[PDB]
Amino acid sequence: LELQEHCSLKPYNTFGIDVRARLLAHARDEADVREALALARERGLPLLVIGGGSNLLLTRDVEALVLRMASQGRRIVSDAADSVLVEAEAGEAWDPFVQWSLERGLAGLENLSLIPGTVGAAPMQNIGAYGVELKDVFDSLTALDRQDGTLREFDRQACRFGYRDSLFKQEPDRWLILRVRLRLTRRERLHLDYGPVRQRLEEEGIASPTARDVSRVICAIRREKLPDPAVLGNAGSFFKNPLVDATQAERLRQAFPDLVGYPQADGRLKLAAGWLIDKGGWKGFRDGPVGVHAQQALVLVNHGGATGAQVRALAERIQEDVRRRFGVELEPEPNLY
């Protein structure tokens, strides 16, 4: 395991918070996972699973065995022509898995290009971008049950996926995800509902656009506009878009005719949290070593030397302010430890 004691977790989280782990272990398969568990329980410690630390807010030194998930394996399980079942291990890095699938002429992941982190973590938060979510192509996964050590498979329904949500995010510390299966496609329609994607693809004038083309466009948009954690510490969009009631949407829109919201099948409005934050006047905010990025209003940043507590308390302040200004509660995306 390359077990390690009293160890900075700085390089293991994208916010670049510097706290220490009682023990840090790397895992490369079920054997190692099972061993880390045993040990964790040997030493009387809780176990904290991490992938690439791209959706993690650490707020304190971690009295626990931290297990960096780093197993490997990407393969075609089964080819059924218009769809192909594929499987990847939890430690596989996400965007390179996407690239893998596209190099095999499989579509369905392109809209999730360049999302950081790991395959293992993807179902926990039901990763989504540009009109697509992991559940849309999800087939099943295999998870270790932390209450008794057994393996279980979850099919799509069992995972109780929702917007930036799953059974696994709902029952924290219960399931350890080992590998993931997705059903990808050939020959289906591209997902181009997001204007900037559609327009940037048009401008390249491909005769017959494919998934690979869509992926290059999305990677380019994301590199252009998104703070890279390796320069400016962050965990991406800090806040989920809030969904409001119809009569509450009605009321907010009376207050604000410029309000940005997207109607749902059930009558509710998905508000744009960037718009809210911006309009509450936080864009580019800065106060000691924390702030909100000047352009991307969802991206909370560590300008350098922030504590996790500082990011937390800034998030809290913004939430509080937006509750008070718009009557809306913004939920966090990152997992808080």
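Throughout, rigid core stands for the largest set of C-alpha atoms superposing within 1.5 Å between the two forms. Throughout, we count residues from 1 along the sequence that is shown.
**Study point:** Larger mean CA deviation from the shown form in 4 other deposited structures of this protein [core fit; 186-194 vs 249-257]
**Key:** It is 186-194 whose C-alphas lie farther from the shown form in 4 other deposited structures of this protein.
Point to revise | Core-fitted comparison in 4 other deposited structures of this protein, 208-216 vs 152-160, farther C-alphas | key: Result of the core-fitted comparison in 4 other deposited structures of this protein: 208-216 deviates more.
Exercise for review: Read off the CA B-factors in the entry, average them over 289-297 and over 35-43, and name the higher stretch.
Suggested key: So the stretch with the higher mean C-alpha B-factor is 35-43.
Check your understanding: Mean C-alpha B-factor higher for 46-54, or for 22-30?
Key -> Looking at the recorded C-alpha B-factors, 22-30 comes out higher on average.
Review point. Which one of 277, 311, 70, 271 shows the top CA temperature factor in the record?
Key: Result of the comparison over 277, 311, 70, 271: 70.
Review point. Out of 124, 217, 182, 246, which shows the largest CA B-factor listed in the entry?
Key: Top of the list by C-alpha B-factor: 246.
Exercise for review: Could you look up the Cα B-factor of residue 256 in the entry and say which third of the chain it sits in: lowest, middle or highest?
Suggested key: According to the entry, residue 256 has a C-alpha B-factor in the chain's highest third.
Practice item. For residue 186, return the chain-relative third of its C-alpha B-factor as stated in the PDB record: lowest, middle or highest. Key: Lowest third.
Practice item. Compare the C-alpha B factor of residue 328 with those of the other modelled residues in its chain, then answer lowest, middle or highest third. Key: CA B-factor rank for residue 328: middle third.
Review point. By the record's CA B-factor, is residue 149 among the lowest, middle or highest third of residues in the chain?
Key: As the PDB entry reports it, the C-alpha B-factor of residue 149 lands in the highest third of its chain.
Practice item. Taking the values exactly as deposited, rank residue 230 by C-alpha B-factor within its chain and report the matching third: lowest, middle or highest. Key: CA B-factor rank for residue 230: highest third.
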